[PDB]
Novice: 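Encoded as structure tokens, here's the structure I'll be asking about.
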Amino acid sequence: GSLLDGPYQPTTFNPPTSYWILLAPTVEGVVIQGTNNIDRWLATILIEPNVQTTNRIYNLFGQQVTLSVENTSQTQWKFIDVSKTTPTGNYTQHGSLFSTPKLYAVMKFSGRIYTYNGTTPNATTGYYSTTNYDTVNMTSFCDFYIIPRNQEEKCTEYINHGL
Ligand SMILES: CO[C@]1(C(=O)O)C[C@H](O)[C@@H](NC(C)=O)[C@H]([C@H](O)[C@H](O)CO)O1
Ligand SMILES: CO[C@]1(C(=O)O)C[C@H](O)[C@@H](NC(C)=O)[C@H]([C@H](O)[C@H](O)CO)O1
Ligand code: NA
């Protein structure tokens, strides 16, 4: 199709700005990570339905990181964005997406990293103001597609309803 470039394999890349990276993860874990190497170490984790509060180990930027996570949703998977602002600091959790299709998306745009949050089929976009936003290198750990920002409405549709 002429709307969705891909699919592409898991890879390390520095995407251009104004492009949504539509991610299609399979199992629970780290979906994607990215950093400006300065003041933003950002990642998205996926959690299966019905997970009571527990510590889990995630491989973030080549080290084991223990995070306290939960998914109280009985039916929906949970994407959590994870952020630390210093290389030696702690990750905090933001912009949860409760999802049935299990699709996620990320974009570098005007000073920010954009992702989706809320509850499908009514998910919206959210953002993280990021120093040198355009330089952020990403590693996707799952298959992904590329869709232009001018076609954002269709990306939102996919987040909410699936492919
Ligand atoms: C500072 O707030 C947060 C965070 O890290 O962003 C919010 C998050 O909802 C919470 N997670 C749970 C399951 O309660 C978490 C842990 O309580 C804390 O990190 C202990 O490690 O604290
Ligand atoms: C400082 O304000 C903002 C920002 O980055 O511009 C506003 C933004 O709406 C908010 N996004 C979400 C999804 O929570 C974000 C994060 O809480 C923070 O960046 C985590 O470090 O904070
Ligand atoms: Na999010």
Side-chain angles (χ1 to χ4, degrees), residues 15 17-26 28-61 63-142 144-145 147 149 152-162:
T17 66
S18 289
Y19 284 95
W20 281 106
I21 311 307
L22 181 69
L23 305 143
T26 52
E28 60 91 5
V30 190
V31 178
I32 188 168
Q33 69 187 29
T35 186
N36 62 11
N37 294 312
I38 294 166
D39 58 14
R40 194 66 86 173
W41 282 261
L42 212 72
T44 303
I45 63 173
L46 179 58
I47 310 163
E48 71 276 27
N50 301 113
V51 176
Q52 305 168 172
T53 309
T54 186
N55 279 0
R56 279 184 176 182
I57 295 171
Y58 297 99
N59 296 289
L60 297 175
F61 302 98
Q63 70 165 169
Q64 292 196 338
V65 177
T66 299
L67 298 180
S68 177
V69 294
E70 92 198 295
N71 185 10
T72 55
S73 182
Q74 286 185 5
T75 55
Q76 292 186 303
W77 291 66
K78 188 190 185 173
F79 293 91
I80 305 179
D81 299 321
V82 130
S83 167
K84 76 176 181 181
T85 53
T86 59
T88 55
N90 279 343
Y91 292 93
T92 49
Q93 296 167 36
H94 313 273
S96 300
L97 172 73
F98 296 93
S99 168
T100 290
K102 252 207 303 179
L103 299 176
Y104 206 60
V106 72
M107 170 175 73
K108 317 206 289 200
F109 180 65
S110 83
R112 299 155 174 185
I113 305 303
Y114 282 84
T115 71
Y116 281 80
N117 44 226
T119 301
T120 66
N122 301 301
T124 50
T125 63
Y127 66 82
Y128 306 91
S129 300
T130 302
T131 303
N132 305 340
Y133 84 100
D134 55 313
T135 69
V136 171
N137 260 269
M138 291 173 195
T139 304
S140 178
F141 296 104
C142 57
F144 65 100
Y145 303 79
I147 170 157
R149 183 189 166 251
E152 179 169 297
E153 212 195 79
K154 216 80 174 64
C155 187
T156 300
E157 185 198 303
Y158 290 143
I159 297 303
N160 287 315
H161 303 280

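Read the numbers this way: they start at 1 and go in the same order the structure lists the ligands and their atoms. Numbers for residues simply follow the sequence, beginning at 1. Heavy atoms only: backbone and side chains are in, while hydrogens, waters and symmetry mates are out.
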Novice: Any protein N or O within less than 3.5 Å of an N or O in ligand 1? List each pair with its distance, or say none.
Specialist:
{"unit_1": "ligand 1", "atom_1": "6 (O)", "unit_2": "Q93", "atom_2": "N", "d": "2.7"}
{"unit_1": "ligand 1", "atom_1": "11 (N)", "unit_2": "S68", "atom_2": "O", "d": "3.3"}

Novice: Between the main-chain N or O of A24 and the side-chain N or O of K102, is there a donor-acceptor pair closer than 3.5 Å?
Specialist: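 Checking the backbone N and O of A24 against the side chain of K102, no donor-acceptor pair under 3.5 Å is found.
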
Novice: Would you kindly check if the NZ (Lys) or CZ (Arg) of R40 is within the cone defined by 45 degrees around the ring axis of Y128 and under 6.0 Å from the six-membered ring centre?
Specialist: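 Negative - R40 is either too far from the ring of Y128 or too far off its axis.
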
Novice: If you count every heavy atom of other residues, nucleotides or ligands that lies below 6.0 Å from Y133 atom OH, does the total exceed 12?
Specialist: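 Enclosed: over 12 neighbouring heavy atoms sit under 6.0 Å from OH of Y133.
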
Novice: Go through it in stages, so that I can follow the logic: the residues are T156 and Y116, the test is side-chain hydrogen bond (donor to acceptor under 3.5 Å, both in side chains), and I'd like the CA-CA distance, side-chain angles, deciding distance and then a yes or no.
Specialist: CA-CA 8 Å; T156 300; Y116 281 80; 2.7 Å; yes

Novice: Check the orientation of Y91 and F61. Use parallel for under 30°, tilted for 30 to 60°, and perpendicular for over 60°.
Specialist: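 Geometry flag for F61 against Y91: parallel rings.
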
Novice: Is there any N or O on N117 that sits under 3.5 Å from an N or O of ligand 2?
Specialist: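 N117 vs ligand 2: no N/O contact under 3.5 Å.
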
Novice: Verify, without hydrogens or angle tests, whether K108 (side chain) and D134 (backbone) share a donor-acceptor contact under 3.5 angstrom.
Specialist: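 Judged by distance alone, yes, a pair lies under 3.5 Å.
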
Novice: Relative to ligand 2, is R40 under 4.0 angstrom through side chain, backbone, both or neither, heavy atoms considered?
Specialist: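 Near ligand 2, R40 shows its side chain, while the N, CA, C and O stay back.
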
Novice: Answer yes or no: are there more than 12 heavy-atom neighbours, outside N50 itself, under 6.0 Å from its atom CG?
Specialist: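 Result for CG/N50: enclosed.
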
Novice: Can you confirm whether the side chains of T130 and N36 place a donor and an acceptor under 3.5 Å from each other?
Specialist: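 No pair is found: no donor N or O on one side chain lies under 3.5 Å from an acceptor on the other.
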
Novice: Does some non-hydrogen atom of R112 fall short of 4.0 Å from ligand 2?
Specialist: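 Checking ligand 2 against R112, which is what was asked, there is no heavy-atom contact under 4.0 Å.
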
Novice: Taking the side chain from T120 and the backbone from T100, do they hold a donor-acceptor pair closer than 3.5 Å?
Specialist: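 Yes, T120 side chain to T100 backbone: donor-acceptor pair under 3.5 Å.
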
Novice: At less than 3.0 Å, would any N/O/S atom of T44, backbone or side chain, sit next to the Na ion (ligand 3)?
Specialist: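 Short answer: no, not a single N, O or S atom is under the cut-off.
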
Novice: How open is the angle at the Na ion (ligand 3) from atom OH of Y104 over to atom O of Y116, rounded to 10 degrees?
Specialist: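 Once rounded, the angle between the two atoms at the Na ion (ligand 3) is 90°.
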
Novice: Against heavy atoms of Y128, which atoms of ligand 2 measure under 4.0 Å?
Specialist: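 Near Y128, the atoms of ligand 2 are 5 (O), 12 (C), 13 (C), 16 (C), 18 (C), 19 (O), 20 (C).
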
Novice: Any N/O/S atom, backbone or side chain, of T115 lying under 3.0 Å from the Na ion (ligand 3)?
Specialist: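 Of the N, O and S atoms in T115, at least one lies under 3.0 Å from the Na ion (ligand 3), which means yes.
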
Novice: Quick check: does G95 have an N/O/S atom under 3.0 Å of the Na ion (ligand 3)?
Specialist: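 Yes - counting backbone and side chain alike, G95 has an N, O or S atom under 3.0 Å.
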
Novice: Just distances here: any N/O of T85 and N/O of ligand 2 closer than 3.5 Å?
Specialist: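 No - when backbone and side-chain N and O of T85 are compared with those of ligand 2, no distance drops under 3.5 Å.
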
Novice: Under a 3.5 Å distance rule, please check whether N71 uses its side chain to pair with a backbone N or O of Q76 as donor and acceptor.
Specialist: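 Present.
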
Novice: Please determine whether any non-hydrogen atom of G126 lies less than 4.0 Å from an atom of ligand 2.
Specialist: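 Heavy atoms of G126 never come under 4.0 Å of ligand 2.
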
Novice: Would you name the N/O/S atom of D81 that lies closest to the Na ion (ligand 3)?
Specialist: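 The nearest such atom is OD2.
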
